[PDB]
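**Q** I'd like to ask some things about the structure below.
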Amino acid sequence: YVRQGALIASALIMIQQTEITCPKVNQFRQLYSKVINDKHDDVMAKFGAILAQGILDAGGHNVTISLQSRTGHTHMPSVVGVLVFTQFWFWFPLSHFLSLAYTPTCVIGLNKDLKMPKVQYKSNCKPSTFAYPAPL
Amino acid sequence: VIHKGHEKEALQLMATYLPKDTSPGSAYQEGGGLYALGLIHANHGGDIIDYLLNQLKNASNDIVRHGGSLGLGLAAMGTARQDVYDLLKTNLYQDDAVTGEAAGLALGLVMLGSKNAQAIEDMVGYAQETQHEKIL
Amino acid sequence: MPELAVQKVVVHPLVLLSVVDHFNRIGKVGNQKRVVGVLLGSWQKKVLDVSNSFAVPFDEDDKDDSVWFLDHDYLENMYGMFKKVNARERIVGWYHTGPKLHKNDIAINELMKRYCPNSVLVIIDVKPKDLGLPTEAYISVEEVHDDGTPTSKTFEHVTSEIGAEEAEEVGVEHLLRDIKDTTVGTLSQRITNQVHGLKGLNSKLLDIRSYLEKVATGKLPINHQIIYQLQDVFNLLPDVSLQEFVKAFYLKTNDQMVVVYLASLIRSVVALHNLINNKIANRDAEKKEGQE
Amino acid sequence: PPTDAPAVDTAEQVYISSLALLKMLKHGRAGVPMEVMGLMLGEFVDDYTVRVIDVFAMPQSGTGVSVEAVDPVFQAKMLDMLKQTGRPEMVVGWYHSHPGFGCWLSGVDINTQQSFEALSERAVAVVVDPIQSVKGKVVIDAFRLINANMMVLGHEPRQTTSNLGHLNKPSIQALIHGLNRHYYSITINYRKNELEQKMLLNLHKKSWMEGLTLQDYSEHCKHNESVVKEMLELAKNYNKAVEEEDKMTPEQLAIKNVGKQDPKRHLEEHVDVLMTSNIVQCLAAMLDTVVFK
Amino acid sequence: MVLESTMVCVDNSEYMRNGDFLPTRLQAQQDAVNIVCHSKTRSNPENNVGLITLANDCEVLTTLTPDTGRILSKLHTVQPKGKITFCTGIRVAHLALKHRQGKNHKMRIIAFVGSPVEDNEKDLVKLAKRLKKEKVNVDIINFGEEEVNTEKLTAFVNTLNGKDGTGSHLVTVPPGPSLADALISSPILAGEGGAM
């Protein structure tokens with residue numbers, strides 16, 4: 001039951017940050033599947049290995065955990081978001097409050113009239129740091 | 001969670017497991033219905049706070065007030081609204097296993113970020129009497 | 001007793017827990033009340049090993065002293081109920097939840113005595129406060145007096161303490177891993193005994209001082225006996241052989257240091273040799289830290 | 001379903017009050033050979049927690065766990081006798097010892113509990129090992145049979161009530177069809193009151209012990225004599241060890257376990273008893289000189 | 001009737017060695033008790049019968065038990081001695097009636113008295129107020145002690161009757177040889193309607 005707290009801890013640590021300065025994300029992702037294919041790891045561990053992948057790909061590689069706003073402020077829905085998820089002290093279905101610290105940080109260009117633009121952004125860097133998964 | 005983002009059409013998507021249109025069958029999917037509705041309308045509860053208040057007020061099953069407290073606390077989260085704080089307060093003065101757990105959490109959510117110094121000396125004192133690993 | 005058939009009354013922890021559980025069984029609005037049970041145990045010398053006990057329905061008026069009720073029939077049923085489960089469990093006395101003695105007690109002592117002569121009281125407390133043990137043992141004896149007053153059933157004190165078995169030991173062990181008392185080593189443990197001992201003498205003497213002050217003024221008829229003994233006390237104080245005692249005590253101390261000196265010295269040498277061992281292990285670890 | 005279906009899920013726990021446990025250990029160790037058994041009296045809160053408040057043995061025959069001296073008249077008579085004390089309690093379960101080995105249920109064991117399952121539906125069978133339990137955790141588990149029939153019928157992955165977990169092994173003997181066919185593991189707790197804790201905490205009445213006493217000063221010189229001579233004997237061997245260790249590699253001083261009388265270990269073993277003694281030996285005399293001045 | 005708790009108060013006294021009733025008043029006392037217990041174990045199928053004494057420091061010889069056979073077997077070994085008291089006895093009777101299996105039984109004391117009472121009426125009618133609180137019924141059987149006594153017990157049994165004539169009644173037994181007055185004056189047919 002320490003393994004259950006160190007697999008999910010890793011998958012929270014890394015959500016769509018990829019090979020930028022932590023190449024370990026292919027090493028741990030392998031390890032999230034290592035212990036689903038096995039029938040030699042305890043259910044109370046497997047349960048924390050499924051979410052290790054389930055939050056990683058959360059939202060389609062779009063949402064991330066960040067308790068305060070990039071503006072700068074600790075907004076409450078996120079704080080509670082990861083405070084009542086981690087908590088399984090006695091209750092097991094507390095595993096949805098992680099949709100309130102999920103934010104799809106993306107530039108949302110909105111036109112002067114509160115409508116939809118068409119406009120794009122130069123690459124100042126290669127698509128490897130841009131990233132986003134590879135379906136195989 | 002999967003359909004967080006639907007507003008006026010969410011009552012219809014969840015209308016095939018929510019009470020009234022659905023049989024009292026497995027109160028699990030009714031309580032789960034209400035909880036889900038508090039997930040979709042979390043922090044923005046408008047008409048949904050009233051809907052959930054009519055679902056808890058006339059509730060007679062323990063599972064319905066479980067998931068129901070979980071939906072209602074989310075829809076009126078960060079607010080004050082003294083009506084829902086005292087309804088959820090009656091859930092806790094009723095002393096029933098799984099209704100008082102979710103109801104306790106839901107009352108902490110209704111008064112989130114505030115809490116009257118009276119609500120504290122209410123809740124801690126009621127924690128001295130009670131006896132449970134879930135409600136307490 | 002004058003008889004060497006009683007002396008060390010040794011009560012096992014589960015009894016203590018048992019009377020402290022009984023005191024909350026009754027405890028509704030019938031609390032603030034003496035509650036009484038019977039002590040089951042074994043013994044075969046100067047001991048009365050207490051082991052089991054069970055409440056006996058008991059009532060008592062709160063202003064009278066001849067209005068007490070004790071379902072002795074209940075006893076002659078249960079006593080057999082527990083015998084049928086463990087042989088070797090006679091009735092070695094009966095306990096009374098304090099806080100101290102009541103005039104009524106002697107009466108009870110004779111409705112319990114209809115079973116076993118030698119029965120003893122064991123006053124146990126329902127409130128931790130004392131710094132000595134919450135277990136005082138009395139016997140019902142009788143005597144004659146130099147004043148010429150009729151014989152009496154008094155109560156006489158016998159030394160007391162609590163012991164244990166392997167079972168008991170282990171259960172208690174388990175229950176005190178919150179309040180750890182083992183972090184404390186030997187030397188300090190016994191210094192604790194010698195400060196905590198003064199914490200006893202201090203309050204005992206204090207109680208005698210309140211008593212003497214109680215008869216001198218705010219009158220309370222004198223009982224010559226107490227004052228008698230209280231004289232032996234002040235003759236026994238170590239005084240009259242002052243000079244010689246001084247010259248000796250100093251000498252025995254002198255010896256004591258001589259041997260402490262030696263002890264601390266050896267201790268030092270040994271620790272230092274330990275240090276040499278560390279330094280040499282460090283040099284040879286430094287040859288390994290290089291290499292490749 | 002147009003109405004709820006049967007339910008079971010539960011993280012079943014047993015509170016055993018500091019009173020009970022001591023009785024189960026003691027009485028249970030009484031019968032190392034022929035294990036005893038006893039009824040469990042207490043209350044039953046909500047439906048997640050058994051509260052065993054007290055227990056009392058039962059008699060037996062002279063071969064083992066008979067239920068022909070588990071008379072219904074014994075437990076009847078006793079239940080009435082404890083109503084007249086002030087214990088409105090009911091039977092919640094039955095415990096026994098399997099001393100010397102693992103906390104498991106045997107065929108007769110299982111079967112027996114089946115009777116406490118017909119008579120009543122809420123029964124925990126609690127298990128104490130007065131031998132192995134010695135010192136430390138106190139081996140004590142709890143078990144409840146599981147409907148083996150329903151398991152055969154497809155509810156085999158449906159006997160999982162929501163308990164927490166912590167894994168066992170040596171009883172995998174009958175726990176591989178125990179935990180996973182015949183019963184399961186409940187988890188044990190305690191309730192450490194503060195009044196019981198301040199009670200047991202007592203183990204010394206010192207107002208006549210040390211500090212108001214001190215050993216005999218001719219008994220105390222005969223003690224020093226002996227030790228401080230043993231110092232000499234050990235000393236010599238100590239020089240002979242300091243010449244050796246210098247001229248050898250730590251593998252040969254490692255396996256040096258013939259005559260442990262030589263090394264430091266005994267000069268420390270001594271000095272800390274000697275000193276102790278004496279120092280305090282020391283203060284006791286001084287303290288009394290002022291205290292009873 | 002309803003299940004009840006009965007307490008037989010028998011008296012020890014030098015007065016319990018008078019030939020003025022059936023051979024010796026001792027023996028006769030025994031027979032009377034033996035009938036009043038048996039007669040209240042057939043009114044109800046279940047009924048608890050006690051047995052205390054009313055002399056010296058009032059004592060219990062058997063607590064509440066349904067077996068008339070214990071009530072008769074302790075009663076054989078009494079002795080006529082001592083000076084009775086009414087106060088001590090009554091008050092220990094309550095303490096014996098509280099402790100019982102089941103709290104649906106009624107509190108009834110069947111009291112036999114037989115030597116001059118030495119307590120003043122002022123205290124007895126305080127105890128009768130405490131019994132009025134505790135809802136205790138008490139029947140007093142004057143097996144003797146009516147010509148050697150001015151009945152303070154009249155103001156005792158009227159302190160328990162605010163309006164009920166069964167709440168408490170003082171039954172007399174004519175002091176002649178009167179074989180036939182200790183059987184009809186019984187409390188199961190003297191001061192109530194039932195006679196089963």
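Each chain in the structure tokens gets a letter, A, B, ..., in the order shown, and its residues are numbered from 1; ligands are numbered from 1 in order too.
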Find the residues of chain B in contact range of chain A, meaning any atom within 12 Å when counting only C-alpha atoms, and list them as a PyMOL selection string.

**A** chain B and resi 1-5+32+35-36+38-44+66-67+70-71+74-75+77-79+98+101-102+105-106+108-109+112-114+132-136

**Q** Only N, CA, C and O atoms, please: the residues just picked out, written as a short mmCIF file (atom, residue, chain, number, x, y, z; two decimals), in the first residue's frame.

**A**
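Just written: selection-v1.cif:
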```cif
data_model
loop_
_atom_site.label_atom_id
_atom_site.label_comp_id
_atom_site.auth_asym_id
_atom_site.auth_seq_id
_atom_site.Cartn_x
_atom_site.Cartn_y
_atom_site.Cartn_z
N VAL B 1 -18.92 13.65 -14.60
CA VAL B 1 -17.59 14.15 -14.94
C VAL B 1 -17.36 14.11 -16.45
O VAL B 1 -16.99 15.12 -17.05
N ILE B 2 -17.58 12.95 -17.07
CA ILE B 2 -17.36 12.81 -18.50
C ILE B 2 -18.18 13.84 -19.27
O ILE B 2 -17.75 14.32 -20.33
N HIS B 3 -19.36 14.21 -18.76
CA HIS B 3 -20.21 15.21 -19.41
C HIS B 3 -20.31 16.49 -18.59
O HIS B 3 -21.33 17.17 -18.62
N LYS B 4 -19.25 16.82 -17.86
CA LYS B 4 -19.12 18.16 -17.31
C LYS B 4 -18.97 19.14 -18.46
O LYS B 4 -18.12 18.96 -19.34
N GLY B 5 -19.81 20.17 -18.47
CA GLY B 5 -19.90 21.11 -19.57
C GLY B 5 -21.29 21.21 -20.17
O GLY B 5 -21.60 22.23 -20.80
N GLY B 32 -26.34 8.17 -6.98
CA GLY B 32 -25.30 8.46 -7.95
C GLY B 32 -25.74 9.47 -8.99
O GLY B 32 -24.94 10.30 -9.43
N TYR B 35 -25.48 12.94 -7.15
CA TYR B 35 -24.06 13.28 -7.03
C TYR B 35 -23.48 13.73 -8.37
O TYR B 35 -22.79 14.76 -8.45
N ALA B 36 -23.77 12.98 -9.43
CA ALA B 36 -23.30 13.36 -10.76
C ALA B 36 -23.78 14.76 -11.13
O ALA B 36 -23.01 15.57 -11.69
N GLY B 38 -24.47 17.26 -9.17
CA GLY B 38 -23.62 18.23 -8.49
C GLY B 38 -22.23 18.33 -9.08
O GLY B 38 -21.58 19.37 -8.92
N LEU B 39 -21.75 17.27 -9.74
CA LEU B 39 -20.46 17.37 -10.44
C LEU B 39 -20.57 18.24 -11.69
O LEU B 39 -19.68 19.06 -11.94
N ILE B 40 -21.63 18.07 -12.48
CA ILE B 40 -21.77 18.87 -13.70
C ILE B 40 -21.93 20.34 -13.36
O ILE B 40 -21.30 21.21 -13.98
N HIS B 41 -22.79 20.65 -12.39
CA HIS B 41 -23.10 22.03 -12.01
C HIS B 41 -22.40 22.39 -10.69
O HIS B 41 -23.03 22.78 -9.71
N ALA B 42 -21.07 22.28 -10.68
CA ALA B 42 -20.28 22.54 -9.49
C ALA B 42 -19.82 24.00 -9.49
O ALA B 42 -19.10 24.42 -10.40
N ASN B 43 -20.24 24.75 -8.48
CA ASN B 43 -19.92 26.16 -8.22
C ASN B 43 -20.82 27.11 -9.01
O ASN B 43 -20.80 28.31 -8.73
N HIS B 44 -21.60 26.63 -9.98
CA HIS B 44 -22.47 27.48 -10.79
C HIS B 44 -23.95 27.19 -10.54
O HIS B 44 -24.80 27.76 -11.24
N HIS B 66 -27.13 10.18 0.63
CA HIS B 66 -25.69 10.07 0.45
C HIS B 66 -25.26 10.81 -0.82
O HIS B 66 -24.77 11.96 -0.76
N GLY B 67 -25.46 10.18 -1.98
CA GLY B 67 -25.08 10.83 -3.22
C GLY B 67 -25.73 12.19 -3.39
O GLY B 67 -25.17 13.09 -4.04
N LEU B 70 -23.84 14.76 -1.71
CA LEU B 70 -22.64 15.01 -2.50
C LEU B 70 -22.91 15.88 -3.72
O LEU B 70 -22.01 16.61 -4.16
N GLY B 71 -24.11 15.81 -4.29
CA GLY B 71 -24.42 16.70 -5.39
C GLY B 71 -24.76 18.11 -4.93
O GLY B 71 -24.30 19.11 -5.51
N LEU B 74 -21.89 20.34 -3.78
CA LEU B 74 -21.12 20.83 -4.91
C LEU B 74 -21.84 21.96 -5.63
O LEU B 74 -21.21 22.92 -6.08
N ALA B 75 -23.17 21.86 -5.76
CA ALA B 75 -23.90 22.90 -6.48
C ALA B 75 -23.97 24.21 -5.71
O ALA B 75 -24.01 25.29 -6.32
N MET B 77 -21.57 25.11 -3.52
CA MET B 77 -20.24 25.15 -2.94
C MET B 77 -19.69 26.58 -2.95
O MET B 77 -19.94 27.35 -3.88
N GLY B 78 -18.94 26.92 -1.91
CA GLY B 78 -18.40 28.26 -1.75
C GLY B 78 -19.43 29.31 -1.40
O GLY B 78 -19.05 30.48 -1.23
N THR B 79 -20.70 28.95 -1.29
CA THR B 79 -21.77 29.89 -1.02
C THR B 79 -22.03 29.98 0.48
O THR B 79 -21.23 29.50 1.30
N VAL B 98 -24.35 5.93 6.39
CA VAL B 98 -23.82 6.49 5.15
C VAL B 98 -24.46 7.82 4.76
O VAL B 98 -23.97 8.49 3.84
N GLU B 101 -22.00 10.70 6.68
CA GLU B 101 -20.70 10.89 6.06
C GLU B 101 -20.82 11.93 4.96
O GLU B 101 -20.27 13.04 5.05
N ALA B 102 -21.56 11.57 3.91
CA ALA B 102 -21.75 12.46 2.78
C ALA B 102 -22.38 13.78 3.22
O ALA B 102 -22.07 14.84 2.66
N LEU B 105 -19.56 15.99 4.86
CA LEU B 105 -18.73 16.57 3.80
C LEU B 105 -19.49 17.66 3.05
O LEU B 105 -18.93 18.73 2.75
N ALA B 106 -20.78 17.42 2.76
CA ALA B 106 -21.57 18.38 2.01
C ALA B 106 -21.78 19.68 2.78
O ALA B 106 -21.89 20.75 2.16
N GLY B 108 -19.58 20.90 5.06
CA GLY B 108 -18.31 21.60 4.90
C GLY B 108 -18.17 22.27 3.55
O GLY B 108 -17.50 23.30 3.44
N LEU B 109 -18.79 21.70 2.50
CA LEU B 109 -18.71 22.30 1.17
C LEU B 109 -19.66 23.48 1.01
O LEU B 109 -19.33 24.46 0.32
N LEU B 112 -18.03 26.54 2.35
CA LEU B 112 -16.61 26.49 2.06
C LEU B 112 -16.02 27.89 2.04
O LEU B 112 -16.63 28.84 1.56
N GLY B 113 -14.80 28.01 2.57
CA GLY B 113 -14.10 29.27 2.58
C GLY B 113 -14.65 30.30 3.53
O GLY B 113 -14.17 31.44 3.52
N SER B 114 -15.63 29.94 4.36
CA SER B 114 -16.22 30.90 5.28
C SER B 114 -16.37 30.30 6.67
O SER B 114 -15.50 30.49 7.53
N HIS B 132 -18.89 7.05 15.00
CA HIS B 132 -18.81 6.38 13.71
C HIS B 132 -17.47 6.67 13.05
O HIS B 132 -16.84 7.70 13.33
N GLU B 133 -17.00 5.75 12.20
CA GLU B 133 -15.81 5.98 11.38
C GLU B 133 -16.13 6.69 10.07
O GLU B 133 -15.20 7.05 9.34
N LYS B 134 -17.41 6.90 9.77
CA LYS B 134 -17.83 7.55 8.54
C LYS B 134 -18.46 8.92 8.81
O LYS B 134 -17.98 9.93 8.30
N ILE B 135 -19.51 8.97 9.64
CA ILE B 135 -20.15 10.25 9.94
C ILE B 135 -19.17 11.19 10.66
O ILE B 135 -19.06 12.37 10.32
N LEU B 136 -18.45 10.66 11.66
CA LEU B 136 -17.50 11.47 12.42
C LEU B 136 -16.32 11.90 11.55
O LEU B 136 -15.87 13.05 11.60
#
```

**Q** According to DSSP computed on the backbone, where in range 57-127 of chain B is there helix (DSSP H, G or I)? Give the residues as a ChimeraX atom specification.

**A** /B:57,62-75,82-92,97-110,117-127

**Q** Could you tell me how far CA of residue 211 in chain C lies from CA of residue 240 in chain C, in Å and to one decimal?

**A**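 Result for CA of residue 211 in chain C versus CA of residue 240 in chain C: 27.7 Å, one decimal.
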
**Q** Considering only C-alpha atoms, give me a table of residues in chain D that are at most 12 Å from chain E, with the closest atom pair and distance in Å for each, as a tab-separated table.

**A**
```
residue	atom	partner	partner_atom	distance
D:77	CA	E:101	CA	11.8
D:79	CA	E:101	CA	11.0
D:80	CA	E:101	CA	7.4
D:81	CA	E:101	CA	8.6
D:82	CA	E:101	CA	10.0
D:83	CA	E:101	CA	7.3
D:84	CA	E:101	CA	6.2
D:85	CA	E:99	CA	8.7
D:86	CA	E:99	CA	10.1
D:88	CA	E:102	CA	11.7
```

**Q** Just write the chosen residues, N, CA and C atoms, as a compact mmCIF listing (two decimals), in the first residue's frame.

**A**
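Everything below was put into part15.txt:
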```txt
# COMPACT_ATOMS: atom_id res chain seq x y z
N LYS D 77 -28.82 -18.64 31.72
CA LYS D 77 -28.67 -18.28 33.13
C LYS D 77 -27.75 -17.06 33.29
N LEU D 79 -26.85 -14.71 31.06
CA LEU D 79 -27.42 -13.48 30.51
C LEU D 79 -28.39 -12.83 31.49
N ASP D 80 -29.22 -13.62 32.15
CA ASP D 80 -30.11 -13.00 33.14
C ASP D 80 -29.32 -12.47 34.34
N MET D 81 -28.28 -13.19 34.77
CA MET D 81 -27.53 -12.71 35.93
C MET D 81 -26.79 -11.40 35.65
N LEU D 82 -26.43 -11.14 34.39
CA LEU D 82 -25.77 -9.89 34.03
C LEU D 82 -26.75 -8.79 33.65
N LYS D 83 -28.02 -9.12 33.38
CA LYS D 83 -29.03 -8.07 33.31
C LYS D 83 -29.26 -7.42 34.67
N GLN D 84 -29.23 -8.22 35.74
CA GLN D 84 -29.44 -7.71 37.10
C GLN D 84 -28.22 -6.99 37.67
N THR D 85 -27.12 -6.92 36.92
CA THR D 85 -25.98 -6.10 37.30
C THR D 85 -26.06 -4.70 36.71
N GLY D 86 -26.45 -4.60 35.45
CA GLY D 86 -26.51 -3.33 34.78
C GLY D 86 -25.86 -3.39 33.41
N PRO D 88 -27.17 -4.29 29.84
CA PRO D 88 -28.15 -4.68 28.80
C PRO D 88 -27.46 -5.04 27.50
```

**Q** Within 12 Å of chain D, which residues belong to chain A? Use only C-alpha atoms and report them as a ChimeraX atom specification.

**A** /A:1-2,41-45,88-93

**Q** With only C-alpha atoms considered, list every residue of chain B at most 12 Å from chain D, as number ranges by chain.

**A** B: 19, 22-30, 61-64, 95-100, 130-135

**Q** Can you write out the residues you just picked, keeping N, CA, C and O atoms, as a tab-separated table (two decimals), in the first residue's frame?

**A**
```tsv
chain	number	residue	atom	x	y	z
B	19	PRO	N	-34.30	10.01	-10.37
B	19	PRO	CA	-35.62	9.59	-9.87
B	19	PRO	C	-36.75	10.26	-10.64
B	19	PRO	O	-36.56	11.20	-11.40
B	22	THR	N	-37.27	7.41	-13.54
B	22	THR	CA	-36.67	6.11	-13.29
B	22	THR	C	-37.29	5.48	-12.05
B	22	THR	O	-37.71	6.18	-11.12
B	23	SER	N	-37.33	4.15	-12.04
B	23	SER	CA	-37.91	3.43	-10.92
B	23	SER	C	-37.05	3.61	-9.67
B	23	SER	O	-35.85	3.90	-9.77
B	24	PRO	N	-37.65	3.46	-8.47
B	24	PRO	CA	-36.84	3.45	-7.23
B	24	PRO	C	-35.75	2.38	-7.23
B	24	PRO	O	-34.89	2.36	-6.35
B	25	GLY	N	-35.81	1.47	-8.20
B	25	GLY	CA	-34.81	0.44	-8.35
B	25	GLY	C	-33.39	0.90	-8.10
B	25	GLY	O	-33.03	2.01	-8.51
B	26	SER	N	-32.59	0.03	-7.48
B	26	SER	CA	-31.25	0.37	-7.00
B	26	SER	C	-31.11	1.86	-6.71
B	26	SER	O	-30.72	2.64	-7.58
B	27	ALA	N	-31.42	2.26	-5.48
B	27	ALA	CA	-31.23	3.63	-5.02
B	27	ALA	C	-29.78	4.07	-5.21
B	27	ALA	O	-29.45	5.25	-5.05
B	28	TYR	N	-28.91	3.12	-5.54
B	28	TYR	CA	-27.52	3.44	-5.84
B	28	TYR	C	-27.41	4.34	-7.07
B	28	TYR	O	-26.62	5.29	-7.08
B	29	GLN	N	-28.19	4.06	-8.11
B	29	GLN	CA	-28.12	4.85	-9.33
B	29	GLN	C	-28.92	6.15	-9.22
B	29	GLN	O	-28.68	7.08	-10.00
B	30	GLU	N	-29.81	6.24	-8.23
B	30	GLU	CA	-30.48	7.50	-7.92
B	30	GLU	C	-29.57	8.44	-7.14
B	30	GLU	O	-29.35	9.59	-7.54
B	61	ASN	N	-34.67	7.36	1.12
B	61	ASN	CA	-33.64	6.33	1.12
B	61	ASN	C	-32.32	6.92	1.63
B	61	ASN	O	-32.08	8.12	1.53
B	62	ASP	N	-31.47	6.05	2.18
B	62	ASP	CA	-30.19	6.50	2.70
B	62	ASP	C	-29.18	6.75	1.58
B	62	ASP	O	-28.37	7.69	1.66
B	63	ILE	N	-29.23	5.95	0.52
B	63	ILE	CA	-28.31	6.11	-0.60
B	63	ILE	C	-28.59	7.42	-1.33
B	63	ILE	O	-27.66	8.10	-1.81
B	64	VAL	N	-29.87	7.82	-1.41
B	64	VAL	CA	-30.25	9.04	-2.10
B	64	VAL	C	-29.74	10.27	-1.36
B	64	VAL	O	-29.36	11.26	-1.98
B	95	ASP	N	-28.32	10.63	12.51
B	95	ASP	CA	-27.48	9.50	12.95
B	95	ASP	C	-27.80	8.22	12.16
B	95	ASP	O	-28.41	7.28	12.66
B	96	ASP	N	-27.32	8.21	10.92
B	96	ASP	CA	-27.42	7.02	10.08
B	96	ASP	C	-26.14	6.87	9.27
B	96	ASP	O	-25.73	7.81	8.58
B	97	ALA	N	-25.53	5.69	9.36
B	97	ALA	CA	-24.24	5.37	8.76
B	97	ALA	C	-23.83	6.24	7.58
B	97	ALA	O	-23.04	7.18	7.74
B	98	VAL	N	-24.35	5.93	6.39
B	98	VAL	CA	-23.82	6.49	5.15
B	98	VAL	C	-24.46	7.82	4.76
B	98	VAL	O	-23.97	8.49	3.84
B	99	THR	N	-25.55	8.23	5.43
B	99	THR	CA	-26.14	9.55	5.18
B	99	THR	C	-25.33	10.66	5.85
B	99	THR	O	-25.19	11.75	5.28
B	100	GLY	N	-24.77	10.40	7.04
B	100	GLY	CA	-24.05	11.42	7.80
B	100	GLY	C	-22.63	11.67	7.34
B	100	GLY	O	-22.09	12.75	7.62
B	130	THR	N	-21.35	12.03	18.79
B	130	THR	CA	-21.52	10.99	17.77
B	130	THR	C	-20.51	9.86	17.89
B	130	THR	O	-19.53	9.95	18.63
B	131	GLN	N	-20.76	8.77	17.16
B	131	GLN	CA	-19.85	7.62	17.16
B	131	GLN	C	-19.95	6.94	15.80
B	131	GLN	O	-20.98	6.32	15.49
B	132	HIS	N	-18.89	7.05	15.00
B	132	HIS	CA	-18.81	6.38	13.71
B	132	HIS	C	-17.47	6.67	13.05
B	132	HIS	O	-16.84	7.70	13.33
B	133	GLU	N	-17.00	5.75	12.20
B	133	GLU	CA	-15.81	5.98	11.38
B	133	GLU	C	-16.13	6.69	10.07
B	133	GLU	O	-15.20	7.05	9.34
B	134	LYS	N	-17.41	6.90	9.77
B	134	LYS	CA	-17.83	7.55	8.54
B	134	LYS	C	-18.46	8.92	8.81
B	134	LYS	O	-17.98	9.93	8.30
B	135	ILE	N	-19.51	8.97	9.64
B	135	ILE	CA	-20.15	10.25	9.94
B	135	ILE	C	-19.17	11.19	10.66
B	135	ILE	O	-19.06	12.37	10.32
```

**Q** Find the residues around residue 27 in chain C up to 12 Å (only C-alpha atoms counted), leave out those fewer than 6 positions away in its own chain, and share them as a list in words.

**A**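 Returned residues: residues 19, 20, 21, 33, 34, 35 and 126 of chain C; 85, 86 and 87 of chain D.
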
**Q** Pick out the chain C residues within 8 Å of chain E. Count only C-alpha atoms. Give them as JSON, numbers by chain.

**A** {"C": [57, 59, 60, 66, 67, 68, 69, 71, 72, 73]}

**Q** Figure out the distance between CA of residue 93 in chain D and CA of residue 107 in chain D, please, to one decimal in Å.

**A**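 Distance between the two atoms: 18.0 Å.
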
**Q** Do a neighbour search on residue 125 in chain B at 12 Å with only C-alpha atoms, toss out local chain neighbours closer than 6 positions, and write the hits as JSON, numbers by chain.

**A** {"B": [93, 118, 119, 136]}

**Q** What would the file look like if the residues just selected were written as a PDB file, in the first residue's frame with N, CA and C atoms?

**A**
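As a result, out-v4.pdb now contains:
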```pdb
ATOM      1  N   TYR B  93     -28.022  15.341  12.322  1.00  0.00           N
ATOM      2  CA  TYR B  93     -28.718  15.101  13.579  1.00  0.00           C
ATOM      3  C   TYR B  93     -29.633  13.885  13.518  1.00  0.00           C
ATOM      4  N   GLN B 118     -20.052  30.209  14.698  1.00  0.00           N
ATOM      5  CA  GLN B 118     -21.153  29.474  15.315  1.00  0.00           C
ATOM      6  C   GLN B 118     -21.300  28.081  14.711  1.00  0.00           C
ATOM      7  N   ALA B 119     -21.112  27.961  13.394  1.00  0.00           N
ATOM      8  CA  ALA B 119     -21.191  26.656  12.749  1.00  0.00           C
ATOM      9  C   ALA B 119     -20.083  25.725  13.235  1.00  0.00           C
ATOM     10  N   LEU B 136     -18.450  10.661  11.656  1.00  0.00           N
ATOM     11  CA  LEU B 136     -17.497  11.472  12.419  1.00  0.00           C
ATOM     12  C   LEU B 136     -16.316  11.898  11.549  1.00  0.00           C
TER      13      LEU B 136
END
```

**Q** Extract, using only C-alpha atoms, all DNA, RNA and protein residues at most 12 Å from residue 77 in chain E, discarding same-chain residues fewer than 5 positions from it, and format them as a PyMOL selection string.

**A** chain E and resi 12+26-27+30+53+61+71-72

**Q** Could the residues of chain D that have an atom at most 6 Å from chain C be listed as a tab-separated table, each with its closest atom pair and the distance in Å to one decimal, counting only C-alpha atoms and ordered by chain and ascending residue number?

**A**
```
residue	atom	partner	partner_atom	distance
D:19	CA	C:17	CA	5.8
D:22	CA	C:171	CA	5.8
D:25	CA	C:167	CA	5.9
D:26	CA	C:167	CA	5.4
D:59	CA	C:85	CA	4.8
D:85	CA	C:57	CA	5.7
D:86	CA	C:25	CA	5.5
D:134	CA	C:170	CA	6.0
D:135	CA	C:170	CA	5.1
D:205	CA	C:132	CA	4.4
D:206	CA	C:197	CA	5.4
D:207	CA	C:200	CA	4.6
D:210	CA	C:194	CA	5.7
D:211	CA	C:194	CA	4.1
D:271	CA	C:263	CA	5.5
D:276	CA	C:187	CA	5.9
```

**Q** Excluding range 25-33 of chain A and its own-chain neighbours fewer than 2 positions away, which residues fall within 10 Å of it when counting only C-alpha atoms? Please give them as a count of residues only.

**A** 28
